[PDB]
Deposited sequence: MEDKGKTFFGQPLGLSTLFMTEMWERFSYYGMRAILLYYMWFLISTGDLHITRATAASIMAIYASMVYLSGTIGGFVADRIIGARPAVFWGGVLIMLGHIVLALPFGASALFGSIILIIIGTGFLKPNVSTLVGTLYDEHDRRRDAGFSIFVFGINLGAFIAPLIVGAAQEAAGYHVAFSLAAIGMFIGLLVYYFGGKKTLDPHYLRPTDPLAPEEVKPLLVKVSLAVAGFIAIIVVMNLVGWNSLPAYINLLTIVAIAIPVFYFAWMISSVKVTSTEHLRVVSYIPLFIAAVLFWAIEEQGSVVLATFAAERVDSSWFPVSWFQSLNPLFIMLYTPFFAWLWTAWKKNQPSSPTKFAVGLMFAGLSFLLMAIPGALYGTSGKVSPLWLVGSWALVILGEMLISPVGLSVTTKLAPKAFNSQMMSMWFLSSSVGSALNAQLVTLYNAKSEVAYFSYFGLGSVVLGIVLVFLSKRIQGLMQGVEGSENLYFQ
């Protein structure tokens, strides 16, 4: 009695992440459109460029938060309660958007989700490994099934939430995301008791008595330093929303710069790929709503194409690895990400940017970037959240450059630059 050949505990962790990814991507599939709506009603006083910049820096902070989440669970609270309380905060984040608020609830929702995802995301993957004794062949297979559940929830979420939004408005749609996380917590709590090791109800590497004080000093200096900057920024007048976004961008990018100051192309190639891939929920989401002949279905459903192609490619790629150079899998994967943007430059160049084009352009675009991602994933998970975070931090600046007038050039330059650097890697490798 197994779960696809794996310990039964995988089933609990499978579903738990599926429903968290459901709540997360269901929210993101309509959040940008929700901000557009708040702007159009005059409730939210920002530009569409800023709203899209917020989408990118949001994702950046979510993964940056995931970089330290493992530490807090391993040393302080425990992996199991970290997942639970992380899920609680996430559920609360979606509840906030379900309340009859407008722009006033956005910041609170963002913070709750960032902190919550930071506790849950790295620790649920940690718990997956705990199912396996140290040297097991099943381990690789078990994680792969786990990734499938992640993309499963990411697939059905834009379909369900997006349709719900179209029918019953935004607040109801955000509530379904909250319900999704609630389902995950239910399964996780009761399913976890049956299987999961009681060992991870407590931290596995608890702080030694002499470790507490220097840790306290470290976090206090950082918070004080971060507070000092914000204070200084306000005195000089750099206190607009884009000014804060810039600060977060600088912070997110400074961290790896310093980490290395204390693999470089491999990390850069990862950052650039994730930047392109993460723009599917921002730039491609904008393009879908403005340039696509899609009047017979919710435009938010385009967000399902990314996890759809992942689920479609994985059985094929499972062959390739058994059918027959780690840096080269980054070199080519980045070229495919660049080709996906080059493809998007075509309909605007051929038909102009004023009208509407086929949805098949987006399908082809995602088909290429996911093809790139298939090479990326097989090639320190805290660093995995880091390259992802910087890529999104880069997006927070680049994404603002995108509009109907600049569409063709935007896709062309970043499409070409990505391919070139993929070839630059070919020469270096």
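A.B. asks: Numbered from 1 along the deposited sequence, what ranges are absent from the coordinates?
C.D. replies: Absent from the structure are positions 1-5, 268-284, 347-351, 407-422, 473-491.
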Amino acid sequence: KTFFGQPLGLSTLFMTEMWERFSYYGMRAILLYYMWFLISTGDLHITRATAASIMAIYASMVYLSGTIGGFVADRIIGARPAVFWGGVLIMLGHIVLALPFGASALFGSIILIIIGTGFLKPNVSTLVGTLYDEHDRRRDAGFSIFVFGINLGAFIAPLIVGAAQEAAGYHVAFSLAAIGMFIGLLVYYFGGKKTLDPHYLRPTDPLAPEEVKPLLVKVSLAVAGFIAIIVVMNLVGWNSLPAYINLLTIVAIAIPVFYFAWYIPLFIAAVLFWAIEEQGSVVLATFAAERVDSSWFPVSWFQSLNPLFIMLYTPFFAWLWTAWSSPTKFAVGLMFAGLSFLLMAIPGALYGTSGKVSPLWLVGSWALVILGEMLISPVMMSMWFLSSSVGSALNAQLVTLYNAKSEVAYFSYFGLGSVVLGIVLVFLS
From here on, numbers count along this sequence of modelled residues.
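For clarity, a rigid core is taken as the largest C-alpha set superposing within 1.5 Å between two forms.
A.B. asks: Between 127-135 and 186-194, where do the CA atoms move more in 9 other deposited structures of this protein, taking the root mean square over the structures and residues after a core fit?
C.D. replies: It is 127-135 whose C-alphas lie farther from the shown form in 9 other deposited structures of this protein.
A.B. asks: After a core fit, does 249-257 or 327-335 show the bigger CA gap to the shown form in 9 other deposited structures of this protein?
C.D. replies: Higher root mean square deviation of C-alphas in 9 other deposited structures of this protein is shown by 327-335.
A.B. asks: Can you check if, in at least a third of the other PDB entries compared, residue 29 has no modelled coordinates?
C.D. replies: Across the compared entries, residue 29 is modelled every time.
A.B. asks: Looking across the other entries that model both neighbours, is residue 380 missing in at least a third?
C.D. replies: Affirmative; at least a third of those entries omit residue 380.
A.B. asks: Which has higher Cα B-factors on average according to the PDB entry: 91-99 or 198-206?
C.D. replies: Averaging CA B-factors over each stretch, the winner is 198-206.
A.B. asks: Tell me which stretch, 62-70 or 23-31, has the higher mean Cα B-factor listed in the entry.
C.D. replies: Looking at the record's C-alpha B-factors, the answer is 62-70.
A.B. asks: From 214, 129, 81, 158, pick the one with the largest CA B-factor in the entry?
C.D. replies: Highest C-alpha B-factor among the listed options: 129.
A.B. asks: Quiz for you: based on the deposited Cα B-factor, which of 292, 77, 266, 305 is highest?
C.D. replies: So the option with the highest C-alpha B-factor is 266.
A.B. asks: Which third of the chain does residue 184 land in by C-alpha B-factor: lowest, middle or highest?
C.D. replies: Bottom third by C-alpha B-factor.
A.B. asks: With respect to C-alpha B-factor, does residue 16 fall in the lowest, middle or highest third of the chain as deposited?
C.D. replies: Residue 16: CA B-factor falls in the lowest third of its chain.
A.B. asks: How does residue 309 rank on Cα B-factor within its chain, lowest, middle or highest third?
C.D. replies: It falls in the middle third of the chain.
A.B. asks: Using the B-factors in the PDB entry, rank residue 260's C-alpha atom against the chain and give the third, lowest, middle or highest.
C.D. replies: Tercile = highest for this residue's CA B-factor.
A.B. asks: State the tercile, meaning the lowest, middle or highest third, of residue 109 with respect to the CA B-factors recorded for its chain.
C.D. replies: Its C-alpha B-factor belongs to the lowest third of this chain's values.
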